[PDB]
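Visitor: Submitted below is the structure of interest, expressed as structure tokens.
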Amino acid sequence: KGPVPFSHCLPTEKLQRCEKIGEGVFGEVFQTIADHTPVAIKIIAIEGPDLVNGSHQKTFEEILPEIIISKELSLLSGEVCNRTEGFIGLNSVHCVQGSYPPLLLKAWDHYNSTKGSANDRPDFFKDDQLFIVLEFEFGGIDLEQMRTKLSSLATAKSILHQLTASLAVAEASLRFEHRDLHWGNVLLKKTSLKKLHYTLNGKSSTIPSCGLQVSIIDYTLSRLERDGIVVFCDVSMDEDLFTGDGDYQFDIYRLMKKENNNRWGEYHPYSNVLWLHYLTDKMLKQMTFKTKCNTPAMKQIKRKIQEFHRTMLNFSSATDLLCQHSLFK
Amino acid sequence: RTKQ
């Protein structure tokens, strides 16, 4: 086993049906239908001496925490004490030895001709390499291309409620800090269920859905604790993240750095609250809604959201924010 | 993204 060629992991039927959706420093994102269900494929370069896309290759023991936290966050959606379906499930992980097949290369070329990419052409890579394959379940369209597609303010309220509830269960269960909620990292999926079930510490509750479901992805820079041991990544020696400008998302990194005195190994749940603040900032300024604001009740909820935005920062944690702020009662 |  181990480094098998991509033929076994990806048979011809799935290769011809791959559409390429996203990109990043990590690697590639592909979409295909397998077992009569659309599944997401993420493939990354591993254990190479070469330099690609402005960074050298990553090494295996540094990518192990990624899969550990992914499989741990996947499993909690079945636990009886604390449960929610706000995460993406793990299907399979393997290792691939070889080069890049031409079909998905032409698919990337199609994407580049349509919208474009900021990375290099992955055609120089030889047979002797290794690769990593990630199978995730389809989430939908992220918030970044859905700016002109939301229904009204009630949908926004439900979105914030679902995000806050999911993070609350995450913290109450596994003491989680994910730290990278930029608005291109939340997934929306159409649904028919009218209400959602979430239980924290053995007490159940229900949330209106308005026909949408929310999930979180891209946990490459998260922290977790389990059975006295702590899993995370130390980023205290690379400062290009804290030199950003032009957006509040660039500022929040330096803000949490100020908060945690440059100690990434501590549990500071307040860090998530600033991310919720940032998300609320986008929902009030960088959004356009189909429906106007004429109905008095929707004016009321608009005032509620404004007060929530301006008075969240006095609050301690996500769970306390869930059980204390006036929005959710 | 994470890095500008």
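Residues are referred to by chain and number: the chain letter is A, B, ... according to the order shown in the structure tokens, the number counts from 1 in that chain, and ligands are numbered separately from 1 in the order shown.
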I'd like to know which residues of segment 15-232 of chain A are alpha helix (DSSP H) (by DSSP, run on the backbone); could you write them as a PyMOL selection string?
Guide: chain A and resi 15-16+60-75+102-114+153-174
Visitor: Give me, as a tab-separated table, the closest atom pair and its distance (Å, one decimal) for every residue of chain A within a cut-off of 12 Å of chain B, counting only C-alpha atoms, rows sorted by chain and rising number.
Guide:
```
residue	atom	partner	partner_atom	distance
A:23	CA	B:1	CA	10.7
A:24	CA	B:1	CA	8.6
A:25	CA	B:3	CA	9.6
A:26	CA	B:2	CA	11.5
A:54	CA	B:3	CA	11.7
A:144	CA	B:1	CA	11.6
A:179	CA	B:2	CA	9.9
A:180	CA	B:2	CA	7.1
A:181	CA	B:2	CA	9.5
A:182	CA	B:1	CA	7.1
A:183	CA	B:1	CA	9.2
A:184	CA	B:1	CA	7.8
A:185	CA	B:1	CA	9.1
A:218	CA	B:2	CA	10.3
A:219	CA	B:2	CA	11.2
A:220	CA	B:2	CA	9.8
A:221	CA	B:2	CA	9.0
A:238	CA	B:3	CA	10.9
A:239	CA	B:3	CA	10.1
A:240	CA	B:3	CA	7.2
A:241	CA	B:3	CA	5.4
A:242	CA	B:3	CA	8.8
A:243	CA	B:4	CA	8.7
A:244	CA	B:4	CA	6.2
A:245	CA	B:4	CA	8.3
A:246	CA	B:4	CA	9.6
A:247	CA	B:4	CA	9.9
A:249	CA	B:2	CA	8.9
A:250	CA	B:4	CA	7.9
A:251	CA	B:4	CA	11.5
A:252	CA	B:2	CA	11.2
A:253	CA	B:2	CA	9.3
```
Visitor: Please indicate the distance in Å from atom CA of residue 67 of chain A to atom CA of residue 127 of chain A, rounded to one decimal place.
Guide: 24.8 Å
Visitor: Just to confirm, what's the straight-line distance from atom CA of residue 44 of chain A to atom CA of residue 187 of chain A in Å (one decimal)?
Guide: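 Spanning atom CA of residue 44 of chain A to atom CA of residue 187 of chain A is a straight-line distance of 21.4 Å.
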Visitor: Write down as a VMD selection string the residues belonging to segment 27-212 of chain A that are assigned strand (DSSP E or B) by DSSP computed on the backbone.
Guide: chain A and resid 27 to 34 37 to 46 51 to 52 55 to 56 58 83 90 to 97 130 to 137 141 to 142 177 186 to 190 195 to 200 203 to 208 212
Visitor: Would you mind listing what lies within 9 Å of residue 31 of chain A as an MDAnalysis selection string, with only C-alpha atoms counted and same-chain residues fewer than 5 positions away left out?
Guide: chainID A and resid 17:21 38:42 138
Visitor: Near residue 287 of chain A, counting only C-alpha atoms, which residues have an atom at most 8 Å away, once you skip same-chain residues fewer than 5 positions from it, shown as a PyMOL selection string?
Guide: chain A and resi 147-148+282
Visitor: Quick one: everything within 7 Å of segment 158-167 of chain A, counting only C-alpha atoms, minus sequence neighbours fewer than 4 positions away in the same chain. Send it as an MDAnalysis selection string.
Guide: chainID A and resid 84 86 154 171 208:209 214 318 322
Visitor: Using atom CA of residue 145 of chain A and atom CA of residue 74 of chain A as the two end points, give the distance in Å to one decimal.
Guide: 25.8 Å
Visitor: Skipping near chain neighbours, those fewer than 4 positions away, what residues fall within 12 Å of residue 306 of chain A using only C-alpha atoms, listed as number ranges by chain?
Guide: A: 153, 157, 277, 280-281, 283-285, 299-302, 310-312, 326-327
Visitor: Kindly save the residues from that selection, with C-alpha atoms included, as a PDB file, in the first residue's frame.
Guide:
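This is the output file again-v2.pdb:
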```pdb
ATOM      1  CA  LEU A 153     -32.043  40.143   6.946  1.00  0.00           C
ATOM      2  CA  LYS A 157     -29.740  36.335  11.392  1.00  0.00           C
ATOM      3  CA  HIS A 277     -17.324  40.531  14.700  1.00  0.00           C
ATOM      4  CA  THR A 280     -20.945  40.678  11.096  1.00  0.00           C
ATOM      5  CA  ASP A 281     -19.037  43.608   9.595  1.00  0.00           C
ATOM      6  CA  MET A 283     -22.937  41.178   6.468  1.00  0.00           C
ATOM      7  CA  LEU A 284     -23.845  44.838   7.063  1.00  0.00           C
ATOM      8  CA  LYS A 285     -21.492  46.546   4.590  1.00  0.00           C
ATOM      9  CA  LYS A 299     -36.755  47.150  10.567  1.00  0.00           C
ATOM     10  CA  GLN A 300     -36.990  45.830  14.126  1.00  0.00           C
ATOM     11  CA  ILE A 301     -34.668  42.910  13.434  1.00  0.00           C
ATOM     12  CA  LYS A 302     -32.295  45.258  11.598  1.00  0.00           C
ATOM     13  CA  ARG A 310     -22.058  47.234  18.390  1.00  0.00           C
ATOM     14  CA  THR A 311     -22.313  45.408  21.749  1.00  0.00           C
ATOM     15  CA  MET A 312     -20.728  41.997  21.116  1.00  0.00           C
ATOM     16  CA  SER A 326     -30.537  39.353  23.466  1.00  0.00           C
ATOM     17  CA  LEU A 327     -30.493  38.260  19.811  1.00  0.00           C
TER      18      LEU A 327
END
```
Visitor: Rank nothing, just name the residue among A:72, A:225, A:28, A:66 nearest to residue 118 of chain A, using only C-alpha atoms.
Guide: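 Once distances to residue 118 of chain A are computed over only C-alpha atoms, the minimum belongs to A:28.
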